[PDB]
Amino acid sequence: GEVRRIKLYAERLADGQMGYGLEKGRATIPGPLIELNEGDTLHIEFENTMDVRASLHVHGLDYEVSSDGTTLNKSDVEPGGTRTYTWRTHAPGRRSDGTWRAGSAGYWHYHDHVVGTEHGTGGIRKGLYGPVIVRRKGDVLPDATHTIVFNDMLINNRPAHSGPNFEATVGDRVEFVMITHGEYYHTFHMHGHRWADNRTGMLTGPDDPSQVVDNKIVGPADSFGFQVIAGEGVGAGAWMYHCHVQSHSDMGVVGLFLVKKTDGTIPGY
């Protein structure tokens, strides 16, 4: 694949949060989406603009201990400090012994591993997480990608009973990245939409046995994703997504997948 270079900033935010950003003062929670094709290399010029030690750890991708982002492998960043982390990816292939080497492709995530504790409980709690997508050659690309993060009892570190809305048009091919962090198990559910419990979130073809689901138990540091055709077989509407743990939904871990008709209207909303 291609070699690529980006800048990443860890920053303090209002209400004592902590974001990553591609640009200083544009830090988000979750952090910016990172999109890669199998075989790509990413060199990340990472600057800690905070008064506390921070790091960048990644799930699933290839990295050397020198890019672990852990005090253990001395890969964290002093306050004000800079470090360039290297993530590599590979494509699948038979090894020489006959066995199949799984590719790097999947729905993954990066997070701090040193804020609060040597496991980044503080960083994670404050908002130092975001999505990685590693694509395979042939994978179908979406019209948009939306990142939903169950962080303890919040979605994307928002004040509860205010979970984020996502706008789309019927027939649009919408991608969701679903990441979980903190202490608690959850179940992610979506009204009017289904996906496949497999790498991609859609069945490869008729030979794919993967269960089809609208509900998934997820624990801290689990990542999955899936694409749907917005409105497929159900029409336009305010389509609720929510944590299906009853106390979680009642305390307001809910948002709307707002699927507009072609004309721009929405039924009874």
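Position 1 is the first residue in the sequence shown; the rest follow in order.
Peer 1: Please compare 23-31 with 205-213 and name the stretch with the higher mean C-alpha B-factor in the deposited structure.
Peer 2: Here the higher of the two C-alpha B-factor means belongs to 23-31.
Peer 1: Taking the mean of the C-alpha B-factors per stretch from the entry, tell me the winner out of 5-13 and 243-251.
Peer 2: So the stretch with the higher mean C-alpha B-factor is 5-13.
Peer 1: Looking at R101, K126, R88, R199, which has the highest Cα B-factor in the entry?
Peer 2: When the deposited C-alpha B-factors of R101, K126, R88, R199 are compared, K126 is largest.
Peer 1: Highest CA temperature factor in the entry: which of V52, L42, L61, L56?
Peer 2: Of the candidates given, the C-alpha B-factor peaks at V52.
Peer 1: Ranked by Cα temperature factor within the chain, is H161 in the lowest third, the middle third or the highest third?
Peer 2: Its C-alpha B-factor belongs to the highest third of this chain's values.
Peer 1: Which third of the chain does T121 land in by C-alpha B-factor: lowest, middle or highest?
Peer 2: For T121, the deposited C-alpha B-factor lands in the lowest third.
Peer 1: Mind checking which third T180 falls in for C-alpha B-factor across the chain?
Peer 2: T180: CA B-factor falls in the lowest third of its chain.
Peer 1: Could you place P79 in the lowest, middle or highest third of its chain by Cα temperature factor, using the values in the record?
Peer 2: It falls in the top third of the chain.
Peer 1: Check where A105 lands among this chain's C-alpha B-factors and tell me if it's the lowest, middle or highest third.
Peer 2: As the PDB entry reports it, the C-alpha B-factor of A105 lands in the lowest third of its chain.
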